[PDB]
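Form deposited in one PDB entry, single chain, as structure tokens, below.
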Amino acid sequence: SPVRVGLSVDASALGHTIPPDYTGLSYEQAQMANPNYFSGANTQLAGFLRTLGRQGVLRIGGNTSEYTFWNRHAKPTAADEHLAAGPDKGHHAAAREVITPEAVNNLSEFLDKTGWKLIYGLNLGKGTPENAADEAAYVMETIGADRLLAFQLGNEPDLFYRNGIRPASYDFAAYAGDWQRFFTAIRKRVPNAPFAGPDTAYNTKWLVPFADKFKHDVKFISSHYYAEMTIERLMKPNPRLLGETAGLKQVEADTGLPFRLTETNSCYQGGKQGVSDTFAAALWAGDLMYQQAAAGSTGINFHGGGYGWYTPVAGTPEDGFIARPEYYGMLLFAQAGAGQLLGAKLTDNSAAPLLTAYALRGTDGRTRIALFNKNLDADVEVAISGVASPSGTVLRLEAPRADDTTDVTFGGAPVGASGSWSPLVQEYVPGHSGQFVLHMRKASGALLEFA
């Protein structure tokens, strides 16, 4: 007994344009202590990034960016030649790590194998303005202007008052004083240096005051989002999401600087075993990419590394890399590709309320629809109107249970080594122009492409 829902596509209801560099990943700065990780020799990880997008952004930052120190004469230690730095769990201070010129040289070679651009964290929490300027000069020289999208001056500065990085009295005004001092030092050595911020954890009250004070000094505004957890809770809206969406919309409405979600994943403190590492996270992540794009976001960076519960890609240079379940929701987005969002209204859906749908006119002119049946107990039958085409094909995003940590496929295939992926099962959509009908099992996703 599927829940019978209507989906009306309205090509006259033009939404936001999704740019080619929308997709992205975030890693801990501590990983730059291992020059083998972001390296030309890491062909496996480079292939996972290429499969997520021809263009995209690598963001390096996180809690460890306050505990990582640039040393222009240093070489890496024994332990850090083998370091796989997973997401910081945010319980206490991270271990001190050193970043070497060799690590920045190898990062350039890595980025050049991918086509991706870089957002690079500087140490405003514990470092000096002069050391930041020295690091920025080396990064700008080596990575180059076309691949360096932005420096960010600290990670989650809105938590320095609580985590001991600053006094209890630290507030936006104190942060703006620190930010101006680092900005001035860096621009003295790197007059072309680009910036973004404030890279906040959650405090939306900082976004527009940052944008207004530093309007002539930044390329875009950035903030973070974590949904925390149970799988049922992850499939629903929550107040924190509503607040972050409202913050993004205030930036777009009050400034005309673009916004990027520079660090996001399902559950903070490194994720939750049984939620973040499950097929549910693929549906959560693919739905999030579209919801934020529909709300006016220019891009996203899913946090990860090591074998963290929420990482899209898990592994090490020594042991190899694998796509975790969340990767498959980002792979649906990659396959849908860039374009402009169209209206897509669901009706008769109160029985299947966690079903989401997004329509897109691709750069090639063809209509695509991304659906996420996030209902854990309801199959749906989707009557699709407003789409004119002889023919459509469906790629399904599936696992046998929402809590599965494996068995995830897209287009009837898993991702293989080095991000290898091609569709092996493609089905025609039942119906004809102006009336297509699509069945979806409970807890599943679909990408429809029309001729």
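One rule holds for the numbers: they count along the sequence shown, beginning at 1. What we label the rigid core is the largest C-alpha set whose atoms superpose within 1.5 Å from one form to the other.
The next section is about a form of this same protein that is not shown, the form deposited in another entry.
Peer 1: Superposing the core, which one of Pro191, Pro239, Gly177, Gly365 shows a C-alpha shift reaching 2 Å or more between this form and the one not shown?
Peer 2: The one that shifts is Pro239.
Peer 1: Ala201: with the rigid core matched between this form and the one not shown, does its Cα shift 2 Å or more?
Peer 2: Moves: yes, 2 Å or greater.
Peer 1: For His432, does the CA position differ by 2 Å or more between this form and the one not shown when the superposition is done on the rigid core?
Peer 2: Comparing the forms between this form and the one not shown, which are aligned on their rigid core, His432 does shift its C-alpha by 2 Å or more.
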